[PDB]
Amino acid sequence: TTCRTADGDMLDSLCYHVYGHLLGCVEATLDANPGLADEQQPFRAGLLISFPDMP
Amino acid sequence: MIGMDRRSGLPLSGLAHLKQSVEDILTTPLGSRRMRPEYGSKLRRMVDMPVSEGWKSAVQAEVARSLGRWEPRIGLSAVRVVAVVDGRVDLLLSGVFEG
Amino acid sequence: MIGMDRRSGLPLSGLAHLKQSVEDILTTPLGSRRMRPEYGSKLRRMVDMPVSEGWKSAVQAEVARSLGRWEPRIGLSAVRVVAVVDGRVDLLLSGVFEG
Amino acid sequence: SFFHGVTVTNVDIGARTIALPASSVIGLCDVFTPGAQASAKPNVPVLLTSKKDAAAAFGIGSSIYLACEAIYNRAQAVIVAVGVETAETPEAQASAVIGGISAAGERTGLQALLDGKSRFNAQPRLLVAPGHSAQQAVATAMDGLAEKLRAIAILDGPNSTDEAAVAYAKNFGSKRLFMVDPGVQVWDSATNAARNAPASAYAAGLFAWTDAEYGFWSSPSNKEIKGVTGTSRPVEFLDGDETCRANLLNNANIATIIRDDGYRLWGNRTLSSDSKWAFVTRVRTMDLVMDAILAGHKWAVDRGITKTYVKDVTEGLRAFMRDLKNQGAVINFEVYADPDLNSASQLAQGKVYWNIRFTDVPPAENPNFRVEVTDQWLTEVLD
Amino acid sequence: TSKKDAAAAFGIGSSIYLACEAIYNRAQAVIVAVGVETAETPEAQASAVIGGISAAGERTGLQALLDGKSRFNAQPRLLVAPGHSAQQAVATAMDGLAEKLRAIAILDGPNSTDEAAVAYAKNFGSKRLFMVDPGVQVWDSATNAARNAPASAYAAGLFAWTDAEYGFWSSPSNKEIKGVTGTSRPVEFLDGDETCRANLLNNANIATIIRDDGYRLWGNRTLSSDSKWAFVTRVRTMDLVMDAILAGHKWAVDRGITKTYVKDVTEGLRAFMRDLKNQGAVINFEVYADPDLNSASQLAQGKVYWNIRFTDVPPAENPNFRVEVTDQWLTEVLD
Amino acid sequence: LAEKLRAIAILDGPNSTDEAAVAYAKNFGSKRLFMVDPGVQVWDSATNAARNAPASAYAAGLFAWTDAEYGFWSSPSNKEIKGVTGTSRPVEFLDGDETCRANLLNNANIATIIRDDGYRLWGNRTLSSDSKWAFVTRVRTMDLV
Amino acid sequence: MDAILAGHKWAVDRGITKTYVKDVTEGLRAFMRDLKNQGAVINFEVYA
Amino acid sequence: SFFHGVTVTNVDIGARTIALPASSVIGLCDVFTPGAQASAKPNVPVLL
């Protein structure tokens, strides 16, 4: 379920609209994403985050 | 309860700690806090909504909600819309003092 | 209920279908329809009858009869004789609207 | 004997109903390349109601399909697109968007939007020429066109600094102009990179979405633009400071896109010198109730002024404003026949006057709060 | 009557369609256009606009507008010859034409400096002349550049728009011009300064186009010598309430002076001015049969006199405010 | 003849331009003359095409219909003409512009036929010089009482 | 003095009717009444 | 017949609203060294 960010979107805001809660849902997104943490926290205009299923 | 002041770092407990928490809540939006998307108020989303009698039912709710959630040491008295000047809506918020 | 207009063939349901049925009934006589000798009104037979207080008891009945038989979607309010001008009898027929 | 028989008359003294003209038709005019894939002639209007219809009429990759993509990604409305052909100089491109008239006696550029009501029964309420409205020739020809249609022409200023955007907005002063200055930086699916959009078709996707979701009396000045992913020359509005960079633009009657990459339109002040017509809410509801009455009272042009005629126009006029009061469009109204202007000499010429006084619901652009500590309930803790 | 009708009768490239385009972009009104063929020299073009009468016995130039009521039943109230009114020969011919039609002949001065505009506006002195000096810089769709328009047809669109929007008693001296994308030789109007460059032209009875790239007409004074007929609004309403009385009383030319005739012309004249008072055109009025001029010798010749006194609505060209900080309510802070 | 019968003689002008329609109506000036200028284009059953009708008999169809439907005090100047399928030299009446081409003829005491495919009569003024007898309703009710 | 000058540029050719002097003062009292409960002035008197 | 049809007019006779000109813009003028790090010219105003 890969989604594309915008240039000011942030990680905990995005996966709260997708999942509905943030307990164990942000660091699992950083886990199943290669090089996402290396990228700066204010995301670039066209990075791809693949949100995993069953948080 | 003893907290620190927002500016200048001073430890104040009763007077300005109750004021730096309420006056922050009315202008802090939802989702601005990190890992806390339910802290804040919908008052930043009440901008440019039409000023109706159903709009005041929402603002008097969202004042009672967003302060009722995260500020239990404040008893809200009255949120009365007292003036509509140039689109600016004057809402009087008289709060009680505790501690 | 959806019917067609009498002139121009247009499909109209509420407003003029309720009017093209009542205004037709008051001037259609009995026996003019084919194999339906009970459709119509006695109002064409009420011509040149003497205008008495027993005559209005018949016309307010025949309006309530001929519309009560074949037009159940119209509630009759009042059939008041309001003017006798030159033998012409002005009967006001205010009907409710349904649908 | 006048007539001998049964007479069944129809007096026909009922108060009619008044409908609104759908408030969301968007007049579009931008460049497109005509050819085999473009099913539209380069000067005629084309009615559009879906994104598939916009690509089947003007082709994918046109500058007017990219404007229809910005509207249909956010809203779902009816677009009266004109479409012009590409000129050599960019100056001659501005001559084609303005248009004028042709040698066959037909309108060419933006003037073809005046044919939107006589050909499709949909008068355009949002006049959008994306990219070309930064030129003052096109924006001042769309300003005179917005008064012919009672429409709100959504301009967009140049993508230069805020000094050049304020100095551009100091030329117009007319209440039917809505300027959205900072350019939208959107992601291009073809080149797989971020391209710059004029941020004028995206505003049209908000005026057409808020009328179908919140009503035409609700300003689009806090609503999300879903398609964008950037903003060239990004504006500053931090929390509550009256001296922000975006607030100095809303002070100069310029709408902005405030937040991170501009996922919130910001501004409900049209480019009006009179502070009465300053809000886009008051301009839009006025032009909607002045066309519902105009196009809805063509049954009463030779009826004859009887006592049941004036009363059944007024009661058919209160019933239109009372269907707007509980809907939330107005606060309260007052519809009455004018006691002074209905004189004996005005009625003898066929003139009869009605006054419709109402109050628009203003947009809460500044909810002011006044918080205070007291000592009145300090004596409450005693028992 | 429409922009599609002007191109079909004159063509797109014509200089008279560009004057209809200047009017139809701002307003939507009737235009009695004459049209002339392009002469050789610019001097001989002025003799074709003035015209006169032909050898066939027909009015040719500006005089053909006097045929505007005999043929169309629409007498012109705004007289505009765009670009040619900057010459003194044409503008003097249009002034004598403006009294024959009871019209307001909208002039336009030269696009030179302001000394050449005051020296041009000092030649006329007639209450039916309206001058707009600085030339409109407008977009040309034939050469794809910003050309200099004569700025006389653009003021004519403003006079035709305020009658449909605010009424004929409203000056267009704050309304906006649409097609204008700039003004050649931009005039100065900064804040409130009474010695601005555009205010010194309104003091010389010349209207201007003031603001940033020209979006406001500025000036409601005509080129009159009397200070009575200074405002364009007063001349426009007077020529409208005098042509309505003249054309509206052609039933009373052989009715016989009875008591129910003098009383029922006045009651038809008081009701006409009463319908102008609550419409907003006049402030108050006084219509009465003349007591002294209706003598028994004048009535026995058929002459019968009526007086119609009224006041127009003057345009508030200078709303003054007088602010002062006092100490009168300073003792109100005691309770 | 219309004064000998106290009637309303319904005229029809030429099908030429509006300069020739006003210049024809400037000859009459009497209150018992009603002029309908644009000629009706009507479908024919003989030639099987659209023929040009004088549009004067179609106006009298409305004077006879409004007296039976709405009464003799009601003007026929907004009611529909049924048999038509167009109008020679179509006049302009868009929404509310007071300088439209159809309004410039009603100002000259000429009735017109306005809408798309010409299905409305427009104009209640008769060709009268007096402002009293200008409405064709008032001349009709005065001759009936 | 600079809010009145910049806020009354709509009224420079409106024509002096009775609904104009009444409705400039009504917007001029409301400017001072919204400046009085705000606390900037103590009391005022706006009149033609 | 002045106009045969329906007119819908906006009379535009209401009072207006007056706003203050923000009271807090600070005009500044002091010396500096123009160069590469300074993105201004030594006589033009710069909005800060």
# chains A, B, ... in the order shown; residues from 1 in each chain; ligands from 1
>>> interface_residues(of="chain D", to="chain A", cutoff="6 Å", atoms="only C-alpha atoms", output="number ranges by chain")
D: 229-230, 260-261
>>> write_last_selection(atoms="N, CA and C atoms", output="PDB file, in the first residue's frame")
ATOM      1  N   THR D 229       1.587  19.425  -3.974  1.00  0.00           N
ATOM      2  CA  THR D 229       2.697  18.891  -3.197  1.00  0.00           C
ATOM      3  C   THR D 229       3.817  19.912  -3.053  1.00  0.00           C
ATOM      4  N   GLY D 230       3.492  21.193  -3.120  1.00  0.00           N
ATOM      5  CA  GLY D 230       4.507  22.222  -3.017  1.00  0.00           C
ATOM      6  C   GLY D 230       3.903  23.585  -3.247  1.00  0.00           C
ATOM      7  N   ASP D 260       2.151  23.897   5.121  1.00  0.00           N
ATOM      8  CA  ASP D 260       3.247  23.129   4.543  1.00  0.00           C
ATOM      9  C   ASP D 260       2.831  22.536   3.204  1.00  0.00           C
ATOM     10  N   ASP D 261       3.449  23.057   2.136  1.00  0.00           N
ATOM     11  CA  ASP D 261       3.142  22.876   0.713  1.00  0.00           C
ATOM     12  C   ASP D 261       1.789  23.432   0.311  1.00  0.00           C
TER      13      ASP D 261
END
>>> residues_around(residues="region 77-90 of chain F", least_positions_apart="6", cutoff="7 Å", atoms="only C-alpha atoms", output="mmCIF file with N, CA, C and O atoms, in the first residue's frame")
data_model
loop_
_atom_site.group_PDB
_atom_site.id
_atom_site.type_symbol
_atom_site.label_atom_id
_atom_site.label_comp_id
_atom_site.auth_asym_id
_atom_site.auth_seq_id
_atom_site.Cartn_x
_atom_site.Cartn_y
_atom_site.Cartn_z
ATOM 1 N N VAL D 301 -44.545 38.938 -16.253
ATOM 2 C CA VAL D 301 -44.174 40.114 -17.030
ATOM 3 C C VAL D 301 -45.360 40.754 -17.735
ATOM 4 O O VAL D 301 -45.225 41.876 -18.243
ATOM 5 N N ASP D 302 -46.496 40.073 -17.835
ATOM 6 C CA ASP D 302 -47.714 40.735 -18.285
ATOM 7 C C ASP D 302 -48.931 40.195 -17.556
ATOM 8 O O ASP D 302 -50.002 40.027 -18.147
ATOM 9 N N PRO F 38 -42.115 41.328 -36.354
ATOM 10 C CA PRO F 38 -41.369 40.250 -37.024
ATOM 11 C C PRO F 38 -42.307 39.176 -37.555
ATOM 12 O O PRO F 38 -43.203 38.706 -36.850
ATOM 13 N N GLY F 39 -42.100 38.801 -38.814
ATOM 14 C CA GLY F 39 -42.984 37.843 -39.455
ATOM 15 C C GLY F 39 -42.734 36.437 -38.947
ATOM 16 O O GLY F 39 -41.584 35.999 -38.821
ATOM 17 N N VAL F 40 -43.816 35.721 -38.654
ATOM 18 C CA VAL F 40 -43.715 34.370 -38.128
ATOM 19 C C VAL F 40 -43.322 33.422 -39.251
ATOM 20 O O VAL F 40 -43.852 33.497 -40.367
ATOM 21 N N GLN F 41 -42.349 32.562 -38.978
ATOM 22 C CA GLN F 41 -42.013 31.446 -39.844
ATOM 23 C C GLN F 41 -42.757 30.221 -39.330
ATOM 24 O O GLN F 41 -42.571 29.819 -38.178
ATOM 25 N N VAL F 42 -43.611 29.646 -40.171
ATOM 26 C CA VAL F 42 -44.492 28.559 -39.764
ATOM 27 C C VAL F 42 -44.343 27.406 -40.749
ATOM 28 O O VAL F 42 -44.082 27.608 -41.940
ATOM 29 N N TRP F 43 -44.446 26.183 -40.232
ATOM 30 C CA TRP F 43 -44.350 24.992 -41.061
ATOM 31 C C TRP F 43 -45.616 24.816 -41.885
ATOM 32 O O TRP F 43 -46.730 24.989 -41.386
ATOM 33 N N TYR F 58 -51.669 35.381 -35.912
ATOM 34 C CA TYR F 58 -51.209 34.663 -34.731
ATOM 35 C C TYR F 58 -51.298 35.521 -33.480
ATOM 36 O O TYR F 58 -51.411 34.983 -32.373
ATOM 37 N N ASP F 117 -36.951 30.082 -31.134
ATOM 38 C CA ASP F 117 -37.989 29.621 -32.066
ATOM 39 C C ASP F 117 -39.272 30.449 -31.971
ATOM 40 O O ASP F 117 -40.341 29.974 -32.360
ATOM 41 N N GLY F 118 -39.164 31.682 -31.472
ATOM 42 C CA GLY F 118 -40.227 32.668 -31.449
ATOM 43 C C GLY F 118 -41.540 32.278 -30.805
ATOM 44 O O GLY F 118 -42.593 32.464 -31.415
ATOM 45 N N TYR F 119 -41.517 31.756 -29.581
ATOM 46 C CA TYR F 119 -42.722 31.189 -28.993
ATOM 47 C C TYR F 119 -43.318 32.065 -27.893
ATOM 48 O O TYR F 119 -44.048 31.574 -27.035
ATOM 49 N N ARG F 120 -43.060 33.371 -27.919
ATOM 50 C CA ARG F 120 -43.701 34.292 -26.989
ATOM 51 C C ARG F 120 -44.070 35.576 -27.711
ATOM 52 O O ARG F 120 -43.327 36.035 -28.579
ATOM 53 N N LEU F 121 -45.211 36.156 -27.351
ATOM 54 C CA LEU F 121 -45.534 37.514 -27.759
ATOM 55 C C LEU F 121 -44.990 38.472 -26.716
ATOM 56 O O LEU F 121 -44.986 38.165 -25.523
ATOM 57 N N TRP F 122 -44.525 39.631 -27.166
ATOM 58 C CA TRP F 122 -43.858 40.583 -26.291
ATOM 59 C C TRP F 122 -44.300 41.979 -26.679
ATOM 60 O O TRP F 122 -44.094 42.396 -27.820
ATOM 61 N N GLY F 123 -44.899 42.700 -25.740
ATOM 62 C CA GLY F 123 -45.301 44.065 -26.001
ATOM 63 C C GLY F 123 -46.784 44.287 -25.827
ATOM 64 O O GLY F 123 -47.597 43.710 -26.552
ATOM 65 N N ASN F 124 -47.151 45.112 -24.854
ATOM 66 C CA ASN F 124 -48.544 45.425 -24.585
ATOM 67 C C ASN F 124 -48.910 46.841 -24.985
ATOM 68 O O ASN F 124 -50.082 47.214 -24.895
#
>>> closest_atom_pairs(of="chain H", to="chain B", cutoff="10 Å", atoms="only C-alpha atoms", output="JSON lines")
{"residue": "H:16", "atom": "CA", "partner": "B:86", "partner_atom": "CA", "distance": 9.2}
{"residue": "H:17", "atom": "CA", "partner": "B:86", "partner_atom": "CA", "distance": 6.2}
{"residue": "H:18", "atom": "CA", "partner": "B:86", "partner_atom": "CA", "distance": 7.9}
{"residue": "H:19", "atom": "CA", "partner": "B:86", "partner_atom": "CA", "distance": 7.8}
>>> closest_atom_pairs(of="chain H", to="chain F", cutoff="12 Å", atoms="only C-alpha atoms", output="tab-separated table")
residue	atom	partner	partner_atom	distance
H:1	CA	F:107	CA	4.8
H:2	CA	F:107	CA	6.3
H:3	CA	F:98	CA	5.5
H:4	CA	F:103	CA	6.4
H:5	CA	F:96	CA	6.4
H:6	CA	F:96	CA	6.1
H:7	CA	F:96	CA	6.2
H:8	CA	F:96	CA	8.2
H:9	CA	F:96	CA	10.4
>>> write_last_selection(atoms="C-alpha atoms", output="compact mmCIF listing (two decimals), in the first residue's frame")
# COMPACT_ATOMS: atom_id res chain seq x y z
CA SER H 1 -42.16 51.14 -22.40
CA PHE H 2 -38.90 51.96 -20.64
CA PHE H 3 -38.01 48.30 -20.18
CA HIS H 4 -40.28 45.31 -20.75
CA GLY H 5 -38.82 42.55 -18.62
CA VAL H 6 -37.57 41.86 -15.12
CA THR H 7 -35.00 44.09 -13.43
CA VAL H 8 -33.04 42.85 -10.43
CA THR H 9 -31.01 45.72 -8.99
>>> closest_atom_pairs(of="chain H", to="chain E", cutoff="9 Å", atoms="only C-alpha atoms", output="tab-separated table")
residue	atom	partner	partner_atom	distance
H:9	CA	E:165	CA	7.5
H:10	CA	E:165	CA	7.9
H:11	CA	E:166	CA	7.5
H:12	CA	E:166	CA	8.8
>>> write_last_selection(atoms="N, CA and C atoms", output="PDB file, in the first residue's frame")
ATOM      1  N   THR H   9     -32.013  44.703  -9.242  1.00  0.00           N
ATOM      2  CA  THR H   9     -31.008  45.720  -8.992  1.00  0.00           C
ATOM      3  C   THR H   9     -30.433  45.577  -7.592  1.00  0.00           C
ATOM      4  N   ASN H  10     -29.148  45.890  -7.471  1.00  0.00           N
ATOM      5  CA  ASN H  10     -28.460  45.973  -6.192  1.00  0.00           C
ATOM      6  C   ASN H  10     -28.283  47.445  -5.855  1.00  0.00           C
ATOM      7  N   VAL H  11     -28.939  47.897  -4.786  1.00  0.00           N
ATOM      8  CA  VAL H  11     -29.045  49.335  -4.571  1.00  0.00           C
ATOM      9  C   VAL H  11     -27.783  49.913  -3.939  1.00  0.00           C
ATOM     10  N   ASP H  12     -27.067  49.115  -3.131  1.00  0.00           N
ATOM     11  CA  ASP H  12     -25.723  49.428  -2.618  1.00  0.00           C
ATOM     12  C   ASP H  12     -25.715  50.695  -1.758  1.00  0.00           C
TER      13      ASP H  12
END
>>> residues_around(residues="region 2-15 of chain G", least_positions_apart="6", cutoff="10 Å", atoms="only C-alpha atoms", output="compact mmCIF listing (two decimals) with N, CA and C atoms, in the first residue's frame")
# COMPACT_ATOMS: atom_id res chain seq x y z
N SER D 273 -12.45 47.63 -3.49
CA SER D 273 -12.13 48.84 -2.76
C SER D 273 -13.18 49.17 -1.71
N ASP D 274 -14.44 48.84 -1.96
CA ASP D 274 -15.49 49.02 -0.97
C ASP D 274 -15.44 47.88 0.03
N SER D 275 -15.45 48.22 1.32
CA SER D 275 -15.42 47.21 2.37
C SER D 275 -16.75 46.51 2.56
N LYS D 276 -17.81 46.97 1.89
CA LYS D 276 -19.06 46.22 1.89
C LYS D 276 -18.92 44.94 1.09
N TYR E 166 -26.43 52.65 -11.34
CA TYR E 166 -26.76 53.60 -10.29
C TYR E 166 -27.80 54.63 -10.70
N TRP E 169 -28.47 60.04 -12.58
CA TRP E 169 -28.09 61.12 -11.67
C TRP E 169 -26.78 60.84 -10.95
N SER E 170 -26.04 59.82 -11.36
CA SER E 170 -24.80 59.45 -10.70
C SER E 170 -23.63 59.72 -11.64
N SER E 171 -22.65 60.46 -11.15
CA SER E 171 -21.47 60.73 -11.94
C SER E 171 -20.60 59.47 -12.01
N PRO E 172 -19.90 59.26 -13.12
CA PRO E 172 -19.03 58.08 -13.23
C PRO E 172 -17.64 58.31 -12.66
N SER E 173 -17.48 59.36 -11.86
CA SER E 173 -16.18 59.87 -11.46
C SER E 173 -15.53 59.10 -10.33
N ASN E 174 -16.02 57.92 -9.98
CA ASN E 174 -15.26 57.01 -9.15
C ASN E 174 -15.38 55.58 -9.65
N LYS E 175 -16.06 55.35 -10.76
CA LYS E 175 -16.25 54.00 -11.25
C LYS E 175 -15.03 53.57 -12.05
N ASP E 191 -2.30 60.40 -1.58
CA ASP E 191 -3.07 60.10 -0.38
C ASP E 191 -4.31 60.97 -0.19
N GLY E 192 -4.08 62.25 0.08
CA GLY E 192 -5.14 63.22 0.31
C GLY E 192 -4.68 64.60 -0.10
N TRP E 218 -11.69 59.91 -12.74
CA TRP E 218 -11.54 60.89 -11.67
C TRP E 218 -11.92 62.27 -12.20
N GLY E 219 -13.09 62.75 -11.81
CA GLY E 219 -13.53 64.08 -12.19
C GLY E 219 -14.96 64.12 -12.67
N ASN E 220 -15.77 64.97 -12.04
CA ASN E 220 -17.18 65.10 -12.39
C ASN E 220 -17.52 66.51 -12.82
N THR E 233 -23.45 65.69 -13.55
CA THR E 233 -24.70 65.13 -13.05
C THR E 233 -25.85 66.13 -13.19
N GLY E 280 -34.45 58.55 -6.27
CA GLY E 280 -33.14 59.04 -5.90
C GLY E 280 -32.57 60.09 -6.82
N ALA E 281 -33.35 60.60 -7.77
CA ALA E 281 -32.82 61.54 -8.75
C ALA E 281 -32.83 62.97 -8.25
N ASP E 312 -31.19 68.87 -7.85
CA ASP E 312 -30.55 67.61 -8.20
C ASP E 312 -29.81 67.04 -7.00
N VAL E 313 -29.27 65.84 -7.18
CA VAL E 313 -28.42 65.21 -6.17
C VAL E 313 -26.97 65.52 -6.54
N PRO E 314 -26.29 66.40 -5.81
CA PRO E 314 -24.92 66.75 -6.17
C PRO E 314 -23.97 65.64 -5.79
N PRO E 315 -22.99 65.33 -6.64
CA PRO E 315 -22.02 64.29 -6.30
C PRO E 315 -21.09 64.77 -5.20
N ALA E 316 -20.95 63.94 -4.16
CA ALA E 316 -20.16 64.30 -2.98
C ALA E 316 -18.68 64.18 -3.29
N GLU E 317 -18.18 65.15 -4.06
CA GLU E 317 -16.82 65.09 -4.55
C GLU E 317 -15.78 65.42 -3.48
N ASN E 318 -16.20 65.90 -2.31
CA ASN E 318 -15.26 66.21 -1.23
C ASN E 318 -15.90 65.94 0.12
N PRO E 319 -15.94 64.67 0.56
CA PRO E 319 -16.42 64.39 1.92
C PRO E 319 -15.36 64.73 2.96
N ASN E 320 -15.59 65.81 3.70
CA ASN E 320 -14.63 66.29 4.68
C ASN E 320 -14.94 65.70 6.05
N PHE E 321 -13.89 65.41 6.81
CA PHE E 321 -14.01 64.88 8.16
C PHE E 321 -13.21 65.76 9.10
N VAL E 323 -11.87 65.59 12.77
CA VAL E 323 -11.58 64.79 13.95
C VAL E 323 -10.89 65.68 14.98
N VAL G 21 -25.62 60.41 3.92
CA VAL G 21 -25.15 61.05 5.14
C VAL G 21 -25.53 60.23 6.36
N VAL G 24 -23.03 57.11 6.10
CA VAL G 24 -21.62 57.32 6.39
C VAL G 24 -21.41 57.45 7.89
N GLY G 27 -21.62 54.05 9.67
CA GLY G 27 -20.36 53.35 9.61
C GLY G 27 -19.23 54.06 10.32
N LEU G 28 -19.42 55.33 10.64
CA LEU G 28 -18.43 56.10 11.39
C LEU G 28 -18.63 55.98 12.89
N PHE G 31 -17.30 52.48 13.69
CA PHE G 31 -15.84 52.46 13.76
C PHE G 31 -15.36 52.91 15.13
N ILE H 13 -26.55 50.70 -0.72
CA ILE H 13 -26.70 51.87 0.14
C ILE H 13 -26.35 51.56 1.59
N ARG H 16 -20.39 51.04 5.49
CA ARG H 16 -19.19 50.25 5.27
C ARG H 16 -18.46 50.04 6.59
N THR H 17 -17.33 49.34 6.53
CA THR H 17 -16.53 49.04 7.70
C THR H 17 -15.15 49.66 7.54
N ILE H 18 -14.61 50.16 8.64
CA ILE H 18 -13.34 50.88 8.65
C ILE H 18 -12.34 50.09 9.47
N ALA H 19 -11.20 49.78 8.87
CA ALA H 19 -10.14 49.03 9.53
C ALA H 19 -8.92 49.91 9.73
N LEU H 20 -8.14 49.59 10.75
CA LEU H 20 -6.97 50.38 11.11
C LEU H 20 -5.76 49.95 10.30
N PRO H 21 -4.85 50.88 9.98
CA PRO H 21 -3.67 50.52 9.19
C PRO H 21 -2.49 49.96 9.99
N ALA H 22 -2.79 49.07 10.94
CA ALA H 22 -1.88 48.09 11.54
C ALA H 22 -0.78 48.65 12.45
>>> interface_residues(of="chain B", to="chain G", cutoff="12 Å", atoms="only C-alpha atoms", output="JSON, numbers by chain")
{"B": [82, 83, 84, 85, 86, 88, 89, 90]}
>>> write_last_selection(atoms="N, CA, C and O atoms", output="PDB file, in the first residue's frame")
ATOM      1  N   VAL B  82     -19.797  38.486  21.610  1.00  0.00           N
ATOM      2  CA  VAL B  82     -20.252  39.796  22.051  1.00  0.00           C
ATOM      3  C   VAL B  82     -20.197  40.863  20.960  1.00  0.00           C
ATOM      4  O   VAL B  82     -20.847  41.908  21.109  1.00  0.00           O
ATOM      5  N   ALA B  83     -19.465  40.630  19.871  1.00  0.00           N
ATOM      6  CA  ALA B  83     -19.341  41.631  18.820  1.00  0.00           C
ATOM      7  C   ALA B  83     -18.907  40.967  17.522  1.00  0.00           C
ATOM      8  O   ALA B  83     -18.034  40.097  17.528  1.00  0.00           O
ATOM      9  N   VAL B  84     -19.519  41.390  16.419  1.00  0.00           N
ATOM     10  CA  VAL B  84     -19.071  41.062  15.068  1.00  0.00           C
ATOM     11  C   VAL B  84     -18.771  42.389  14.388  1.00  0.00           C
ATOM     12  O   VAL B  84     -19.692  43.141  14.047  1.00  0.00           O
ATOM     13  N   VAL B  85     -17.489  42.682  14.190  1.00  0.00           N
ATOM     14  CA  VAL B  85     -17.070  44.034  13.845  1.00  0.00           C
ATOM     15  C   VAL B  85     -16.864  44.166  12.343  1.00  0.00           C
ATOM     16  O   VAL B  85     -17.565  44.936  11.675  1.00  0.00           O
ATOM     17  N   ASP B  86     -15.911  43.417  11.801  1.00  0.00           N
ATOM     18  CA  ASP B  86     -15.551  43.488  10.390  1.00  0.00           C
ATOM     19  C   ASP B  86     -15.246  42.082   9.893  1.00  0.00           C
ATOM     20  O   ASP B  86     -14.245  41.828   9.225  1.00  0.00           O
ATOM     21  N   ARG B  88     -14.413  40.034  12.155  1.00  0.00           N
ATOM     22  CA  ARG B  88     -13.823  39.633  13.423  1.00  0.00           C
ATOM     23  C   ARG B  88     -14.918  39.321  14.435  1.00  0.00           C
ATOM     24  O   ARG B  88     -15.839  40.116  14.634  1.00  0.00           O
ATOM     25  N   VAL B  89     -14.824  38.152  15.062  1.00  0.00           N
ATOM     26  CA  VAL B  89     -15.818  37.682  16.018  1.00  0.00           C
ATOM     27  C   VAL B  89     -15.211  37.749  17.409  1.00  0.00           C
ATOM     28  O   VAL B  89     -14.261  37.019  17.714  1.00  0.00           O
ATOM     29  N   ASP B  90     -15.757  38.614  18.257  1.00  0.00           N
ATOM     30  CA  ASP B  90     -15.271  38.793  19.623  1.00  0.00           C
ATOM     31  C   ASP B  90     -15.979  37.787  20.519  1.00  0.00           C
ATOM     32  O   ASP B  90     -17.175  37.916  20.789  1.00  0.00           O
TER      33      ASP B  90
END
>>> interface_residues(of="chain D", to="chain C", cutoff="9 Å", atoms="only C-alpha atoms", output="PyMOL selection string")
chain D and resi 1+4-10
>>> select_by_dssp(residues="region 40-82 of chain C", states="strand (DSSP E)", output="PyMOL selection string")
chain C and resi 76-82
>>> write_last_selection(atoms="N, CA, C and O atoms", output="CSV table (one decimal), in the first residue's frame")
chain,number,residue,atom,x,y,z
C,76,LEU,N,-61.7,17.8,-1.2
C,76,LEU,CA,-62.5,19.0,-1.4
C,76,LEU,C,-62.7,19.8,-0.1
C,76,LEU,O,-63.0,19.3,0.9
C,77,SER,N,-62.5,21.1,-0.3
C,77,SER,CA,-62.6,22.0,0.9
C,77,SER,C,-64.0,22.7,1.0
C,77,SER,O,-64.7,22.5,2.0
C,78,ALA,N,-64.4,23.5,0.0
C,78,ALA,CA,-65.6,24.2,0.1
C,78,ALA,C,-66.1,24.6,-1.3
C,78,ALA,O,-65.3,25.0,-2.2
C,79,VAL,N,-67.4,24.4,-1.5
C,79,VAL,CA,-68.0,24.8,-2.8
C,79,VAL,C,-69.1,25.9,-2.4
C,79,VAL,O,-70.2,25.6,-2.1
C,80,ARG,N,-68.6,27.1,-2.4
C,80,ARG,CA,-69.5,28.2,-1.9
C,80,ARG,C,-70.0,29.0,-3.1
C,80,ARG,O,-69.2,29.4,-4.0
C,81,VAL,N,-71.3,29.2,-3.2
C,81,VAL,CA,-71.9,30.1,-4.2
C,81,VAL,C,-71.6,31.5,-3.8
C,81,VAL,O,-72.2,31.9,-2.7
C,82,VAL,N,-70.8,32.2,-4.5
C,82,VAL,CA,-70.4,33.5,-4.1
C,82,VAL,C,-71.0,34.7,-4.8
C,82,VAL,O,-71.0,35.8,-4.3
>>> atom_distance(atom1="CA of residue 76 (chain E)", atom2="CA of residue 62 (chain E)")
11.5 Å
>>> atom_distance(atom1="CA of residue 278 (chain D)", atom2="CA of residue 366 (chain D)")
14.6 Å
